[PDB]
Each structure stands twice: as structure tokens, then as C-alpha cells.
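**Q** TSV, N, CA and C atoms, saved as final16.tsv, coming up:
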chain	number	residue	atom	x	y	z
A	1	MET	N	26.60	-143.56	130.59
A	1	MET	CA	26.13	-143.01	129.30
A	1	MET	C	25.62	-144.13	128.41
A	2	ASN	N	24.33	-144.43	128.53
A	2	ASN	CA	23.70	-145.44	127.70
A	2	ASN	C	22.84	-144.76	126.64
A	3	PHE	N	23.40	-144.60	125.45
A	3	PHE	CA	22.69	-143.94	124.36
A	3	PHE	C	22.93	-144.70	123.06
A	4	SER	N	22.92	-146.03	123.16
A	4	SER	CA	23.07	-146.91	122.03
A	4	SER	C	22.16	-146.53	120.87
A	5	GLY	N	22.71	-146.56	119.67
A	5	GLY	CA	21.99	-146.18	118.48
A	5	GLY	C	22.94	-146.05	117.32
A	6	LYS	N	22.48	-145.49	116.22
A	6	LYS	CA	23.32	-145.35	115.05
A	6	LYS	C	23.93	-143.95	114.99
A	7	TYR	N	25.14	-143.87	114.48
A	7	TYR	CA	25.86	-142.61	114.32
A	7	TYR	C	26.48	-142.56	112.94
A	8	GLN	N	26.09	-141.61	112.13
A	8	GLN	CA	26.65	-141.52	110.80
A	8	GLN	C	27.77	-140.49	110.78
A	9	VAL	N	28.94	-140.91	110.32
A	9	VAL	CA	30.12	-140.04	110.31
A	9	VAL	C	29.89	-138.84	109.41
A	10	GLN	N	30.22	-137.68	109.92
A	10	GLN	CA	30.08	-136.46	109.17
A	10	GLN	C	31.44	-135.92	108.78
A	11	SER	N	32.18	-135.47	109.76
A	11	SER	CA	33.46	-134.87	109.52
A	11	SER	C	34.53	-135.91	109.72
A	12	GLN	N	35.63	-135.75	109.03
A	12	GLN	CA	36.80	-136.57	109.26
A	12	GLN	C	38.04	-135.79	108.87
A	13	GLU	N	39.17	-136.16	109.44
A	13	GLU	CA	40.43	-135.56	109.01
A	13	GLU	C	41.47	-136.60	108.69
A	14	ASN	N	42.41	-136.17	107.84
A	14	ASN	CA	43.59	-136.94	107.51
A	14	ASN	C	43.26	-138.29	106.90
A	15	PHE	N	42.24	-138.31	106.05
A	15	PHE	CA	41.86	-139.54	105.38
A	15	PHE	C	42.89	-139.89	104.32
A	16	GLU	N	43.31	-138.88	103.57
A	16	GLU	CA	44.27	-139.08	102.49
A	16	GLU	C	45.55	-139.66	103.03
A	17	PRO	N	46.23	-138.96	103.94
A	17	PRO	CA	47.55	-139.38	104.40
A	17	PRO	C	47.53	-140.78	105.00
A	18	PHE	N	46.38	-141.16	105.55
A	18	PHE	CA	46.22	-142.49	106.09
A	18	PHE	C	46.14	-143.51	104.97
A	19	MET	N	45.26	-143.27	104.00
A	19	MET	CA	45.12	-144.15	102.84
A	19	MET	C	46.34	-144.05	101.95
A	20	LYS	N	46.94	-142.89	101.91
A	20	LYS	CA	48.14	-142.68	101.13
A	20	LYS	C	49.20	-143.63	101.61
A	21	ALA	N	49.36	-143.66	102.94
A	21	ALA	CA	50.29	-144.57	103.58
A	21	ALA	C	49.76	-145.99	103.53
A	22	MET	N	48.46	-146.09	103.30
A	22	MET	CA	47.77	-147.36	103.14
A	22	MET	C	48.00	-147.90	101.73
A	23	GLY	N	48.64	-147.08	100.91
A	23	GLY	CA	49.01	-147.48	99.57
A	23	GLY	C	48.11	-146.88	98.52
A	24	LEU	N	47.32	-145.91	98.92
A	24	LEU	CA	46.35	-145.30	98.02
A	24	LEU	C	46.96	-144.10	97.32
A	25	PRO	N	46.84	-144.09	96.00
A	25	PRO	CA	47.29	-142.99	95.16
A	25	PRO	C	46.41	-141.76	95.35
A	26	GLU	N	46.99	-140.59	95.14
A	26	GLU	CA	46.28	-139.32	95.28
A	26	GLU	C	44.97	-139.32	94.49
A	27	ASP	N	44.99	-139.97	93.33
A	27	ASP	CA	43.82	-139.99	92.48
A	27	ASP	C	42.68	-140.74	93.15
A	28	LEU	N	43.00	-141.90	93.72
A	28	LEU	CA	42.02	-142.68	94.46
A	28	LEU	C	41.73	-142.03	95.80
A	29	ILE	N	42.76	-141.40	96.35
A	29	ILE	CA	42.67	-140.66	97.58
A	29	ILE	C	41.63	-139.55	97.46
A	30	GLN	N	41.69	-138.80	96.37
A	30	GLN	CA	40.75	-137.70	96.15
A	30	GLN	C	39.32	-138.21	96.03
A	31	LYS	N	39.17	-139.43	95.55
A	31	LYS	CA	37.85	-140.02	95.34
A	31	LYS	C	37.30	-140.52	96.65
A	32	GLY	N	38.17	-141.17	97.40
A	32	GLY	CA	37.80	-141.70	98.69
A	32	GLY	C	37.81	-140.64	99.78
A	33	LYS	N	38.35	-139.47	99.44
A	33	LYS	CA	38.67	-138.44	100.41
A	33	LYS	C	37.45	-137.93	101.19
A	34	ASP	N	36.24	-138.21	100.72
A	34	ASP	CA	35.05	-137.73	101.41
A	34	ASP	C	34.12	-138.88	101.75
A	35	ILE	N	34.63	-140.09	101.70
A	35	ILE	CA	33.89	-141.24	102.13
A	35	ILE	C	33.98	-141.44	103.63
A	36	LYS	N	32.85	-141.77	104.21
A	36	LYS	CA	32.75	-142.09	105.62
A	36	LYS	C	32.05	-143.43	105.75
A	37	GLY	N	30.83	-143.38	106.24
A	37	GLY	CA	30.03	-144.56	106.39
A	37	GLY	C	29.09	-144.42	107.56
A	38	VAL	N	28.29	-145.44	107.80
A	38	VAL	CA	27.38	-145.42	108.92
A	38	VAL	C	27.90	-146.30	110.04
A	39	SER	N	28.02	-145.71	111.22
A	39	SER	CA	28.50	-146.43	112.39
A	39	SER	C	27.39	-146.60	113.41
A	40	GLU	N	27.42	-147.67	114.16
A	40	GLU	CA	26.41	-147.92	115.18
A	40	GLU	C	27.08	-148.21	116.51
A	41	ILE	N	26.63	-147.54	117.56
A	41	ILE	CA	27.25	-147.67	118.88
A	41	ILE	C	26.21	-148.12	119.90
A	42	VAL	N	26.40	-149.30	120.47
A	42	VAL	CA	25.51	-149.81	121.51
A	42	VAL	C	26.32	-150.17	122.75
A	43	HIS	N	26.14	-149.42	123.82
A	43	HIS	CA	26.95	-149.62	125.01
A	43	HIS	C	26.17	-150.38	126.08
A	44	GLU	N	26.66	-151.56	126.40
A	44	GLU	CA	26.04	-152.44	127.37
A	44	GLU	C	27.00	-152.72	128.53
A	45	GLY	N	26.75	-152.07	129.67
A	45	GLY	CA	27.59	-152.26	130.84
A	45	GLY	C	28.96	-151.64	130.67
A	46	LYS	N	29.95	-152.49	130.44
A	46	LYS	CA	31.29	-152.05	130.08
A	46	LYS	C	31.46	-152.09	128.59
A	47	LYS	N	30.98	-153.17	128.02
A	47	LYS	CA	31.20	-153.45	126.62
A	47	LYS	C	30.36	-152.54	125.75
A	48	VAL	N	30.99	-152.01	124.74
A	48	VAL	CA	30.34	-151.14	123.80
A	48	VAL	C	30.46	-151.72	122.40
A	49	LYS	N	29.35	-151.76	121.70
A	49	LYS	CA	29.31	-152.32	120.35
A	49	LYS	C	29.63	-151.25	119.33
A	50	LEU	N	30.56	-151.54	118.44
A	50	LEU	CA	30.92	-150.62	117.37
A	50	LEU	C	30.77	-151.28	116.02
A	51	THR	N	29.84	-150.77	115.24
A	51	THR	CA	29.69	-151.19	113.87
A	51	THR	C	30.05	-150.03	112.96
A	52	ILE	N	31.11	-150.16	112.18
A	52	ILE	CA	31.60	-149.03	111.40
A	52	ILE	C	31.75	-149.41	109.93
A	53	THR	N	31.15	-148.61	109.06
A	53	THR	CA	31.28	-148.81	107.63
A	53	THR	C	32.38	-147.92	107.06
A	54	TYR	N	33.33	-148.52	106.38
A	54	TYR	CA	34.33	-147.77	105.66
A	54	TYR	C	34.10	-147.95	104.17
A	55	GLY	N	33.42	-146.98	103.57
A	55	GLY	CA	33.13	-147.05	102.15
A	55	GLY	C	32.26	-148.25	101.79
A	56	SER	N	32.91	-149.35	101.40
A	56	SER	CA	32.20	-150.56	101.02
A	56	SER	C	32.14	-151.58	102.16
A	57	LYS	N	33.22	-151.66	102.94
A	57	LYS	CA	33.35	-152.70	103.94
A	57	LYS	C	32.81	-152.23	105.28
A	58	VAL	N	32.23	-153.15	106.04
A	58	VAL	CA	31.70	-152.84	107.36
A	58	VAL	C	32.36	-153.73	108.41
A	59	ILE	N	32.90	-153.11	109.45
A	59	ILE	CA	33.50	-153.85	110.55
A	59	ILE	C	32.60	-153.77	111.78
A	60	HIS	N	32.26	-154.93	112.32
A	60	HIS	CA	31.45	-155.01	113.52
A	60	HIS	C	32.27	-155.60	114.65
A	61	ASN	N	32.45	-154.82	115.71
A	61	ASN	CA	33.28	-155.25	116.83
A	61	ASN	C	32.69	-154.75	118.13
A	62	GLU	N	32.77	-155.57	119.16
A	62	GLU	CA	32.34	-155.19	120.48
A	62	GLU	C	33.50	-155.35	121.45
A	63	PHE	N	33.60	-154.44	122.40
A	63	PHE	CA	34.74	-154.42	123.30
A	63	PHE	C	34.29	-154.08	124.70
A	64	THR	N	35.03	-154.54	125.69
A	64	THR	CA	34.65	-154.38	127.08
A	64	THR	C	35.52	-153.31	127.75
A	65	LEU	N	34.87	-152.40	128.46
A	65	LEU	CA	35.54	-151.29	129.12
A	65	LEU	C	36.45	-151.74	130.25
A	66	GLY	N	37.70	-151.30	130.19
A	66	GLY	CA	38.67	-151.61	131.23
A	66	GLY	C	39.04	-153.07	131.20
A	67	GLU	N	38.67	-153.71	130.13
A	67	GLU	CA	38.79	-155.13	130.02
A	67	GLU	C	39.44	-155.48	128.69
A	68	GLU	N	40.29	-156.49	128.69
A	68	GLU	CA	40.96	-156.89	127.46
A	68	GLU	C	39.96	-157.56	126.52
A	69	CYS	N	39.80	-156.99	125.35
A	69	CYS	CA	38.87	-157.48	124.35
A	69	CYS	C	39.52	-157.52	123.00
A	70	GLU	N	39.13	-158.49	122.24
A	70	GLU	CA	39.79	-158.78	121.02
A	70	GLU	C	39.11	-158.05	119.87
A	71	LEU	N	39.91	-157.31	119.13
A	71	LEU	CA	39.40	-156.48	118.06
A	71	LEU	C	39.51	-157.22	116.74
A	72	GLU	N	38.40	-157.29	116.04
A	72	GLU	CA	38.32	-158.04	114.80
A	72	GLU	C	38.38	-157.08	113.62
A	73	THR	N	39.38	-157.24	112.79
A	73	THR	CA	39.56	-156.37	111.65
A	73	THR	C	38.84	-156.90	110.42
A	74	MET	N	38.82	-156.09	109.36
A	74	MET	CA	38.19	-156.45	108.10
A	74	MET	C	38.96	-157.56	107.40
A	75	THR	N	40.07	-157.97	108.00
A	75	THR	CA	40.90	-159.02	107.44
A	75	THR	C	40.55	-160.34	108.12
A	76	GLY	N	39.89	-160.22	109.27
A	76	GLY	CA	39.54	-161.36	110.07
A	76	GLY	C	40.47	-161.55	111.24
A	77	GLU	N	41.58	-160.82	111.22
A	77	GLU	CA	42.55	-160.88	112.29
A	77	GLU	C	42.06	-160.12	113.50
A	78	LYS	N	41.84	-160.88	114.53
A	78	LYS	CA	41.31	-160.40	115.78
A	78	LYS	C	42.39	-160.46	116.85
A	79	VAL	N	42.62	-159.34	117.52
A	79	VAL	CA	43.70	-159.23	118.49
A	79	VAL	C	43.20	-158.65	119.82
A	80	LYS	N	43.66	-159.23	120.94
A	80	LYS	CA	43.32	-158.72	122.26
A	80	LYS	C	43.86	-157.33	122.48
A	81	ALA	N	42.94	-156.45	122.75
A	81	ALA	CA	43.22	-155.06	123.00
A	81	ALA	C	42.46	-154.59	124.24
A	82	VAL	N	43.06	-153.71	125.02
A	82	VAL	CA	42.41	-153.23	126.24
A	82	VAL	C	41.87	-151.82	126.03
A	83	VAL	N	40.55	-151.70	126.09
A	83	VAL	CA	39.89	-150.43	125.82
A	83	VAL	C	39.22	-149.84	127.06
A	84	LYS	N	39.61	-148.63	127.40
A	84	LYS	CA	38.90	-147.84	128.40
A	84	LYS	C	38.92	-146.39	127.95
A	85	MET	N	38.10	-145.56	128.58
A	85	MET	CA	37.72	-144.30	127.96
A	85	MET	C	38.81	-143.26	128.14
A	86	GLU	N	39.47	-142.95	127.02
A	86	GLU	CA	40.47	-141.91	126.96
A	86	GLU	C	40.08	-140.93	125.88
A	87	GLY	N	40.33	-139.67	126.13
A	87	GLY	CA	39.72	-138.66	125.31
A	87	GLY	C	38.55	-138.08	126.05
A	88	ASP	N	38.34	-138.66	127.23
A	88	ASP	CA	37.43	-138.12	128.25
A	88	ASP	C	35.97	-138.39	127.93
A	89	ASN	N	35.65	-138.45	126.65
A	89	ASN	CA	34.27	-138.68	126.23
A	89	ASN	C	34.03	-140.14	125.84
A	90	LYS	N	35.03	-140.77	125.26
A	90	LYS	CA	34.93	-142.16	124.83
A	90	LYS	C	36.27	-142.86	124.98
A	91	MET	N	36.35	-144.13	124.62
A	91	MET	CA	37.43	-145.01	125.03
A	91	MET	C	38.45	-145.23	123.92
A	92	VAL	N	39.68	-145.49	124.34
A	92	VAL	CA	40.78	-145.75	123.42
A	92	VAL	C	41.15	-147.22	123.49
A	93	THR	N	41.37	-147.82	122.34
A	93	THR	CA	41.77	-149.21	122.27
A	93	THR	C	42.99	-149.37	121.37
A	94	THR	N	44.05	-149.94	121.93
A	94	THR	CA	45.26	-150.19	121.18
A	94	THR	C	45.31	-151.63	120.70
A	95	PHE	N	45.44	-151.81	119.40
A	95	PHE	CA	45.39	-153.15	118.82
A	95	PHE	C	46.16	-153.19	117.51
A	96	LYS	N	46.81	-154.33	117.26
A	96	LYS	CA	47.72	-154.48	116.12
A	96	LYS	C	48.81	-153.41	116.12
A	97	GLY	N	49.09	-152.86	117.30
A	97	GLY	CA	50.09	-151.82	117.43
A	97	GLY	C	49.53	-150.44	117.18
A	98	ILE	N	48.28	-150.38	116.71
A	98	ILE	CA	47.67	-149.11	116.37
A	98	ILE	C	46.85	-148.60	117.55
A	99	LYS	N	46.78	-147.29	117.68
A	99	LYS	CA	46.11	-146.68	118.81
A	99	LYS	C	44.84	-145.96	118.35
A	100	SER	N	43.69	-146.45	118.78
A	100	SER	CA	42.42	-145.90	118.33
A	100	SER	C	41.66	-145.22	119.47
A	101	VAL	N	41.46	-143.92	119.34
A	101	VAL	CA	40.74	-143.14	120.34
A	101	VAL	C	39.33	-142.83	119.86
A	102	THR	N	38.38	-142.91	120.76
A	102	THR	CA	37.00	-142.57	120.47
A	102	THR	C	36.56	-141.55	121.49
A	103	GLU	N	35.84	-140.53	121.07
A	103	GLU	CA	35.34	-139.53	121.97
A	103	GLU	C	33.83	-139.35	121.78
A	104	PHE	N	33.03	-139.68	122.78
A	104	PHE	CA	31.58	-139.58	122.63
A	104	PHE	C	31.02	-138.43	123.44
A	105	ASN	N	30.61	-137.40	122.73
A	105	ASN	CA	30.11	-136.19	123.35
A	105	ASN	C	28.63	-135.99	123.03
A	106	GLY	N	27.77	-136.32	123.98
A	106	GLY	CA	26.35	-136.10	123.81
A	106	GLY	C	25.75	-136.96	122.72
A	107	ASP	N	25.71	-136.42	121.52
A	107	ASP	CA	25.18	-137.15	120.37
A	107	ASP	C	26.24	-137.26	119.26
A	108	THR	N	27.39	-136.65	119.50
A	108	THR	CA	28.47	-136.62	118.53
A	108	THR	C	29.66	-137.45	119.01
A	109	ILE	N	30.38	-138.06	118.08
A	109	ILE	CA	31.54	-138.87	118.42
A	109	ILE	C	32.76	-138.42	117.63
A	110	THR	N	33.87	-138.23	118.31
A	110	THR	CA	35.12	-137.91	117.66
A	110	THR	C	36.03	-139.14	117.69
A	111	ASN	N	36.25	-139.73	116.53
A	111	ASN	CA	37.05	-140.94	116.43
A	111	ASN	C	38.44	-140.59	115.94
A	112	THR	N	39.44	-140.80	116.76
A	112	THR	CA	40.80	-140.48	116.37
A	112	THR	C	41.60	-141.77	116.23
A	113	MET	N	42.09	-142.04	115.05
A	113	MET	CA	42.89	-143.22	114.82
A	113	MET	C	44.34	-142.84	114.74
A	114	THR	N	45.18	-143.63	115.35
A	114	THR	CA	46.59	-143.37	115.30
A	114	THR	C	47.36	-144.60	114.83
A	115	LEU	N	47.98	-144.51	113.67
A	115	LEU	CA	48.86	-145.57	113.20
A	115	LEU	C	50.28	-145.02	113.14
A	116	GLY	N	51.11	-145.45	114.07
A	116	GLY	CA	52.47	-144.96	114.15
A	116	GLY	C	52.57	-143.44	114.05
A	117	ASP	N	52.82	-142.93	112.85
A	117	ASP	CA	52.93	-141.49	112.63
A	117	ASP	C	51.62	-140.91	112.10
A	118	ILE	N	50.86	-141.70	111.35
A	118	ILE	CA	49.64	-141.20	110.72
A	118	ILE	C	48.50	-141.13	111.71
A	119	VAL	N	47.92	-139.95	111.86
A	119	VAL	CA	46.76	-139.79	112.70
A	119	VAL	C	45.53	-139.56	111.82
A	120	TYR	N	44.42	-140.12	112.23
A	120	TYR	CA	43.19	-140.13	111.44
A	120	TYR	C	42.03	-139.72	112.34
A	121	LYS	N	41.11	-138.91	111.87
A	121	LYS	CA	39.96	-138.58	112.70
A	121	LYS	C	38.66	-138.68	111.93
A	122	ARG	N	37.61	-139.05	112.63
A	122	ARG	CA	36.26	-139.01	112.10
A	122	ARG	C	35.32	-138.46	113.17
A	123	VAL	N	34.32	-137.72	112.77
A	123	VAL	CA	33.30	-137.28	113.70
A	123	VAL	C	31.96	-137.86	113.28
A	124	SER	N	31.40	-138.72	114.11
A	124	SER	CA	30.11	-139.33	113.81
A	124	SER	C	29.03	-138.63	114.61
A	125	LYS	N	27.94	-138.30	113.97
A	125	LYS	CA	26.88	-137.59	114.63
A	125	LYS	C	25.59	-138.41	114.56
A	126	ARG	N	24.81	-138.34	115.64
A	126	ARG	CA	23.61	-139.14	115.82
A	126	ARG	C	22.65	-139.00	114.66
A	127	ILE	N	22.14	-140.11	114.19
A	127	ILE	CA	21.11	-140.07	113.19
A	127	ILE	C	19.75	-140.34	113.82
Would you kindly transcribe this structure into C-alpha cells?

**A**
Amino acid sequence: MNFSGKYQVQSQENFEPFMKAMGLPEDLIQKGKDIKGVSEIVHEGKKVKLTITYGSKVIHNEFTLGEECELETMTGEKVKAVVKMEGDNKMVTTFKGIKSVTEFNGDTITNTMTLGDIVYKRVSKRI
């Protein structure tokens, strides 16, 4: 599945509870509650490039399929994580103890983030 290009997030779930646990107050939560961003996915061989905008900040990371790859956060902390495709459509990468699932269906992507108890989802659709 080589369909590298940009994907702008449309739908998302559980943004509040994630940011809430992230230390975000309901008031700021309600404001951020409908923020997504523009993501870009370029898949080369095993490695797939992920550029994801969260509101103001943009994280650019590339990872190798079935291969241990280091995930670089918006903090600069980069950790070796092994990503291969779980969710059947796209790949899951566990890093910093957090479990991140991606599902790529045709032109749409379902991004499921898992932090301990808090689960987070985004759906990015082809632009």
C-alpha cells in the first residue's frame, strides 16, 4: 500500500479525557476539543513517514515496519519502538510505555492512541 500523501484529521474521539489527564482543564478542553491538524503519511518500503500537527505543534517521525525505530516526541525525547501493522489497516507502535495504533483504510486513517487507561482516536482523511 503505497499511497504517500497528506491526510487531514477529521474525526477524533476522547480528546478531552486525554488532555484532561494531560492536565488540561475542562475550559481549555472545550476549546481544544475540536482541534486536530494536518498529518502527512509517506510509506517507503517498510518505513512510513508520519507528520502530525497537534493544534500548534507538529511532530515529524518516520518508523520502519517490523523494525525497531525510535519515536521522536514534541519534547525531543526519542525512544526505540517497534512498529508493525496492527489494526489490520495500519501499524501500531509502542513507545514511552504508550501504545499507538494506526489504521489506514483506502484514503482514511483511524489513529488510536492508548496511554495506560486513556484511549484516544483520530480519523484522518485524504486531502

**Q** Near stretch 94-103 of chain A, counting all atoms listed in the file, which residues have an atom at most 7 Å away, once you skip same-chain residues fewer than 3 positions from it, shown as a PyMOL selection string?

**A** chain A and resi 71+79-83+86-91+108-116

**Q** List the neighbours of residue A:8 out to 6.5 Å using only N, CA and C atoms; skip same-chain residues closer than 4 positions along the sequence, and give me the result as an MDAnalysis selection string.

**A** chainID A and resid 37:39 123:127

**Q** For residue A:2, which residue among A:16, A:30, A:22, A:43 is the nearest when counting all atoms listed in the file?

**A**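 Looking only at the distances to residue A:2, the closest residue turns out to be A:43.
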
**Q** Considering only C-alpha atoms, can you say which of A:5, A:117, A:26, A:74 comes closest to residue A:54?

**A** A:74

**Q** Using only C-alpha atoms, which of the listed residues (A:48, A:59, A:24, A:19) sits closest to residue A:120?

**A**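 With only C-alpha atoms as the atom set, the closest residue is A:19.
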
**Q** Using only C-alpha atoms for the distances, tell me which of A:119, A:1, A:85, A:21 is nearest to residue A:64.

**A** A:85

**Q** How many Å lie between atom C of residue A:13 and atom C of residue A:61, rounded to one decimal?

**A**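 Straight-line distance from atom C of residue A:13 to atom C of residue A:61 works out to 22.3 Å.
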
**Q** Please compute the atom CA of residue A:72-atom N of residue A:107 distance, one decimal, in Å.

**A**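 Rounded to one decimal, the two atoms are 25.9 Å apart.
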
**Q** As a PyMOL selection string, please: all residues of chain A that backbone DSSP puts in helix (DSSP H, G or I).

**A** chain A and resi 15-21+26-32

**Q** Print the selection's residues with N, CA and C atoms to a file, as a compact mmCIF listing (two decimals), in the frame of the given file.

**A**
# COMPACT_ATOMS: atom_id res chain seq x y z
N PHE A 15 42.24 -138.31 106.05
CA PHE A 15 41.86 -139.54 105.38
C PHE A 15 42.89 -139.89 104.32
N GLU A 16 43.31 -138.88 103.57
CA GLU A 16 44.27 -139.08 102.49
C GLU A 16 45.55 -139.66 103.03
N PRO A 17 46.23 -138.96 103.94
CA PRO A 17 47.55 -139.38 104.40
C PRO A 17 47.53 -140.78 105.00
N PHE A 18 46.38 -141.16 105.55
CA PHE A 18 46.22 -142.49 106.09
C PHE A 18 46.14 -143.51 104.97
N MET A 19 45.26 -143.27 104.00
CA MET A 19 45.12 -144.15 102.84
C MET A 19 46.34 -144.05 101.95
N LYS A 20 46.94 -142.89 101.91
CA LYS A 20 48.14 -142.68 101.13
C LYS A 20 49.20 -143.63 101.61
N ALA A 21 49.36 -143.66 102.94
CA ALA A 21 50.29 -144.57 103.58
C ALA A 21 49.76 -145.99 103.53
N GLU A 26 46.99 -140.59 95.14
CA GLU A 26 46.28 -139.32 95.28
C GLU A 26 44.97 -139.32 94.49
N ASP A 27 44.99 -139.97 93.33
CA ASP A 27 43.82 -139.99 92.48
C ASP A 27 42.68 -140.74 93.15
N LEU A 28 43.00 -141.90 93.72
CA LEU A 28 42.02 -142.68 94.46
C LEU A 28 41.73 -142.03 95.80
N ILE A 29 42.76 -141.40 96.35
CA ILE A 29 42.67 -140.66 97.58
C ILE A 29 41.63 -139.55 97.46
N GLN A 30 41.69 -138.80 96.37
CA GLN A 30 40.75 -137.70 96.15
C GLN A 30 39.32 -138.21 96.03
N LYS A 31 39.17 -139.43 95.55
CA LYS A 31 37.85 -140.02 95.34
C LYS A 31 37.30 -140.52 96.65
N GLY A 32 38.17 -141.17 97.40
CA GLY A 32 37.80 -141.70 98.69
C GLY A 32 37.81 -140.64 99.78

**Q** If you measure from atom C of residue A:106 to atom C of residue A:73, what distance in Å do you get, rounded to one decimal?

**A**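 Computing the Euclidean distance for atom C of residue A:106 and atom C of residue A:73 yields 26.8 Å.
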
**Q** DSSP on the backbone, then: every residue of chain A marked strand (DSSP E or B), written as a PyMOL selection string.

**A** chain A and resi 5-13+38-44+47-54+57-63+67-72+78-84+92-95+98-105+108-115+118-126

**Q** With distances taken over only C-alpha atoms, which residue among A:105, A:51, A:75, A:14 lies nearest residue A:29?

**A** A:14
